[PDB]
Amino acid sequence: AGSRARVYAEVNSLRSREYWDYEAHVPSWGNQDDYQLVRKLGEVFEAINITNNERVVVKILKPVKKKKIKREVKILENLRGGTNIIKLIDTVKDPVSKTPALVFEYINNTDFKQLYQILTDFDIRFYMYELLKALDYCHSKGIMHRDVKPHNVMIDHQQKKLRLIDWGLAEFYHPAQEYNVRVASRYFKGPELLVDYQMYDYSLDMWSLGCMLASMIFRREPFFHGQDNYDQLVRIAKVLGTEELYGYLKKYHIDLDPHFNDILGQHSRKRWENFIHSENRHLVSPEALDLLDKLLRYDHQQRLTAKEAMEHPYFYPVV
């Protein structure tokens, strides 16, 4: 009977159909002439609202779509006011091209490739906890982000502000729904996507969060560095173990692609303590590893929910 989410499983069915039927959504498209598109945001531009000189972000959409446009707008409107969710301010079209764009609150991002090098133990806990606030909220709202990765987590370290951005791959969760496994970005794809298992849920985002946690406390970014989707499962199983992978597959009646038979090899399950060395020892703790172990596990249904992760001792200093 496949699997279902342990939490927020039925919350979309309990809501008005208009909430999740994004194909029926009809956005109110404003005039993009209200916006002065000043610079590329270091197809997203920094812009100034001509009316009130307030700075914003404008993201230009792809006009030929329709379906993914209605889906991203609807999810963003549903998530408005959500904790650490990037705030959609307006939906507009260029008056000449009719091309849709989205207007977002401005956030001064610090490139994660520099930021992560000066984060302390406290910082990582702090920001992971902020990120969890966002994920618990969108999952409570019946939405999987499906593309959690450092590039989609904007952080202003001066102001200690975090925002989960780019909801273009987000979907509504409905129990027993089969989804596209070509979602997320390679390094952060959960094992369920890599073995063509389509009945996944919110716990896909928790695997990606776990990937981020691992790279921050261990200083190996990305942590699972696949060269393609096939090799990505290989990198994971070099850590979580190959016999452990087969167990997972056995449990959910998943048959592994015959291509894997020649490249998977045989690998033992590594203890997380094996990734500790002098260069990350000040970021790692037993509480960090015990949390990580409960996120990066094959069995999506057994992974901690965002809410459970928030209750973990690792965030005791930031609650």
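Heads up: residue numbers just count along the shown sequence, starting at 1. Rigid core (definition): largest C-alpha set, two forms, superposition within 1.5 Å.
After superposing on the rigid core, the larger RMS C-alpha deviation in 5 other deposited structures of this protein belongs to 28 to 36, the other candidate being whichever of 28 to 36 and 287 to 295 remains.
For the pair 90 to 98 and 174 to 182, greater average C-alpha departure from the shown form in 5 other deposited structures of this protein after core alignment is found in 90 to 98. Going from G42 to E43, you skip over 4 to 9 residues of the deposited sequence that the entry leaves unmodelled. Of the two segments, 244 to 252 and 132 to 140, the one listed with the higher mean B-factor is 244 to 252 (C-alpha atoms only). In this entry, 18 to 26 has the higher mean Cα B-factor, the comparison being between 305 to 313 and 18 to 26. Annotation for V56, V64, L283, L289: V64 ranks highest, by Cα B-factor. Between the residues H277, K294, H259, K68, the entry's highest C-alpha temperature factor is the one at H259. Compared with the other modelled residues of the chain, the Cα B-factor recorded for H145 ranks in the middle third. In the PDB entry, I50 places in the highest third of its chain by CA B-factor. Placement of the Cα temperature factor of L102 within the chain: lowest third of the modelled residues, per the deposited record. Sort the modelled residues of the chain by CA B factor and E77 lands in the middle third. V38: CA B factor lies in the middle third for its chain, per the PDB record.
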